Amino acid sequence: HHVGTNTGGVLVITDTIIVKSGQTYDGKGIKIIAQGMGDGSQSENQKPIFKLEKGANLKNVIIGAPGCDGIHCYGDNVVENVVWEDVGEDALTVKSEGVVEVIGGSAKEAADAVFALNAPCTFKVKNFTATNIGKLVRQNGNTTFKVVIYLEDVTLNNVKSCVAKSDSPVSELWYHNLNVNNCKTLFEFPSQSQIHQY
């Protein structure tokens, strides 16, 4: 395991980091602490830590408290080995259509949702651990566009609400090697037949 060369450094930011289409932001293990961008509460007016334009990628960062409004993804993004030490309002939001992959990493202490899906998308979560969360995935409430979610090699502890929730009959969730400790209801979708194993 190669700890990254920025391991032990702390980058304190005062504005959202924009990653442009075709770019990969590689933190090399840096921890980021945002200031003046939110308190990580449930208030909806916080700034994202990162804005990933379409086709932008992010890897190898630790996001410290306050988690603010996390990572805004505009589609066709790979988010790799990102650690949310303390999720803010939410950890990552899909803001526009495309494929978004969260691969590796982990999240902790999400008062409400970890992942917010606010546009039609294909959303994959792979090799990921989350503990003390409300929900892992929430399609924006009362929307009926289609998302397809894949949960692959995902381990969840202490889920207060549910693993995933959608109000869309056309959305689907697919899982493979999903382990869930301490959750009363796995999936809150219009019908349970929207949920599949593979």
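Throughout, we count residues from 1 along the sequence that is shown.
- When the C-alpha B-factors of 167-175 and 28-36 are averaged, 28-36 comes out higher.
- Stretch comparison (37-45 versus 62-70) by mean CA B-factor in the PDB entry places 37-45 on top.
- The entry assigns its greatest Cα B factor, within the set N81, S96, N127, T93, to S96.
- In the deposited entry, the Cα temperature factor of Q192 sits in the middle third of values across the chain's modelled residues.
- Among all modelled residues in this chain, the alpha-carbon of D76 has a temperature factor (C-alpha) in the highest third.
- Remark: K160 belongs to the highest third of its chain, ranked by C-alpha B-factor as recorded.
- In this PDB entry, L151 carries a Cα temperature factor that places it within the lowest third of its chain's modelled residues.
- In the PDB entry, a CA B factor belonging to the middle third of its chain's modelled residues is recorded for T131.
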